[PDB]
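The numbering of the sequence shown is the working numbering, which starts it at 2 and goes up by one. Every residue gets a Cβ at the ideal spot worked out from N, C-alpha and C, and that includes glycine.
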Amino acid sequence: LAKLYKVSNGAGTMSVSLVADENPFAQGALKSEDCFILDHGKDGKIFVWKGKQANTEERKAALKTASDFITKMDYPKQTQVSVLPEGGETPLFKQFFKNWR
Ligand SMILES: [Ca+2]
């Protein structure tokens with residue numbers, strides 16, 4: 002039910018693109034050069050994961066987009082985007098992935 006999106010300007014424009022809609026996700030889906038949005042907003046769980054090599058524009062776009070998802074998908078009004086750096090992932094985030102190590 003969760004979806005994972007890439008937020009990157011590496012392809013020439015700033016783009017939010019779906020990378021996973023089958024659960025659980027591959028840990029290797031998270032690429033250090035970009036940011037990712039993990040959307041499980043129906044229960045208020047939305048994450049921005051910031052790759053260590055992503056750029057400032059990607060971080061800002063990922064946070065803006067994750068915030069806009071709350072509004073546009075009618076997620077609960079008190080939902081807070083959880084922002085995590087590569088290497089600082091929490092159990093709540095890792096639970097979405099297969100065999101995180
Ligand atoms: Ca990038």
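Between the CA atoms of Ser33 and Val20 - distance to the nearest angstrom: To locate residue 20, count along the sequence shown from 1; it is residue 19. To locate residue 33, count along the sequence shown from 1; it is residue 32. Near 14 Å, if we compare the C-alpha coordinates of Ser33 and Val20.
Which listed residue (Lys46, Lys51, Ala67, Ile71) has its alpha carbon closest to that of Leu31: In the sequence shown, the residue the question calls residue 31 occupies position 30. The closest CA to that of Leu31, considering only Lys46, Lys51, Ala67, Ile71, is found on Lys51.
Rounded C-alpha distance that separates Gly29 from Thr72: The residue you call residue 29 lines up with position 28 of the sequence shown. The residue you call residue 72 lines up with position 71 of the sequence shown. Rounded to the nearest angstrom, the two C-alpha atoms are 29 Å apart.
Contact set for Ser16: own chain, Cβ-Cβ below 8 Å, skip 5 residues either direction: Position 15 of the sequence shown, counted from the first residue, corresponds to residue 16. So the qualifying residues of the chain are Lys7, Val8, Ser9, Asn10.
The segment 73 to 82 in contact with the segment 41 to 59 per 3-pair CB rule at 8 Å: yes
Own chain partners of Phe94 with C-beta closer than 8 Å, once the 5 adjacent residues on each side are dropped: Position 93 of the sequence shown, counted from the start, is the residue given in the question as residue 94. So the qualifying residues of the chain are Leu39, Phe48, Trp50, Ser83, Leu85.
Heavy atoms of ligand 1 versus C-beta positions, residues under 6 Å: Matched residues: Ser9, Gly11, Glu34, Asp35, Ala55, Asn56, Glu59.
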